[PDB]
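Below sits a lone chain in structure tokens, taken as the form deposited in one PDB entry.
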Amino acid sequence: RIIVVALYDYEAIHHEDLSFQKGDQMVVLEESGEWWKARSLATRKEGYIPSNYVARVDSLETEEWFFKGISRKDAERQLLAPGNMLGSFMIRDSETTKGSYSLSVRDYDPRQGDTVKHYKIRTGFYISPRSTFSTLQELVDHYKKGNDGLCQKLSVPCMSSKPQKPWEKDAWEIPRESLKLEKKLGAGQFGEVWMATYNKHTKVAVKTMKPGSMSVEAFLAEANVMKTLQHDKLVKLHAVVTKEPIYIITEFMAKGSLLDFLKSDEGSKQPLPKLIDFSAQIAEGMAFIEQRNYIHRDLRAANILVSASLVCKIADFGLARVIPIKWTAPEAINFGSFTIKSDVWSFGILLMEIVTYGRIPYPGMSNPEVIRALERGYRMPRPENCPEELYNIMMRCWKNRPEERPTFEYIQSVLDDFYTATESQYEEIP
């Protein structure tokens, strides 16, 4: 007998799922992934619920200040998001000491501006050995009144949002009829991209492929692999229409591409540490792809999507294997040798695209002119706004020998703490 509680409001939009409000208790009848079968204690209706909108009663995730599954860097980003203030805090899982918790608090010093500082909580719980607490609420309730040591006293828990609703149960392959493609977003040499609607009540984005040599069969073989590359900085692949012409249904990304975003009004008021934060997100996306032994092939700003809350996501991973040299590494251009290391090269140019607010690479140069410029060891110069240490990453990304190029793991780690010294990652307190 298991009892869960609703963390958010949810409105039913399918045949057999349930409507519930925040605070609603319900009984778990069945566990099966993103959708669970429950029994509402307020309506007594048996039906389906999203398994990420609930958690066990009295458990840790029921608390407003607790954030499950957040890395130190995610906590920093969520707490620097609009709607938070001094003392905005969260207790979360430790990313380094597995099974322990960490406190992240929004601070301000006039020399850097707003920051997020992190504290390790030790197993009973304590941050300062001087002061121990029985529960995590006792901890919180203490530092909430004055800061017995902290950079700031605790004010209000961090701003959260609804997680995205999980795609319908067993619906990887859908009939084309479910779609209303409402507006063309883009059109290229291989197909179109549309804002659409799935079964009247779910906004999505649809990539329609122009029926080329891309074998029906051979595509699904690769699409079923893209379905398994689920990361927060990879775009979410929802479904697929299996009959030629092929449709690719993904999550709708409000702000379009990174390229069109950097070139826009709102994109031009992004300070440099945000541009780097963007890069960090992408390097996290690639580190995952790298971890998973996989290849992007077409890494550039036009294939990176931006969401309404400015989270960066990677699109068309792999597509180039199934289906523009200024982004392409020499070995890839010369002998068709695409590796994760040729992506690192592509990541260097994207880095520059970011730092130049989307400006075309090698300005004034032709594709042939670029190729001969490379073979003589020419590289792009550092622009006015680029810090010197960020140029090194680009220059390291652009080494003649693939093996000499850094990993996305190391790149992510450098970009993540770009403004922080290793020693300042966690504040130590006596």
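C-alpha atoms forming the largest set that superposes within 1.5 Å between two forms make up the rigid core. In case it trips you up, residue 1 is the first one in the sequence shown, and so on.
Omitted here: the form deposited in another entry. The next part is about that form.
- Considering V27, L374, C386, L60, one residue stands apart with a C-alpha shift of at least 2 Å between this form and the one not shown following superposition on the core, and it is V27.
- Fitting the two forms on the rigid core leaves the C-alpha of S51 displaced by under 2 angstroms between this form and the one not shown.
- Remark: with the core as the superposition reference, the CA shift of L41 between this form and the one not shown reaches 2 Å or more.
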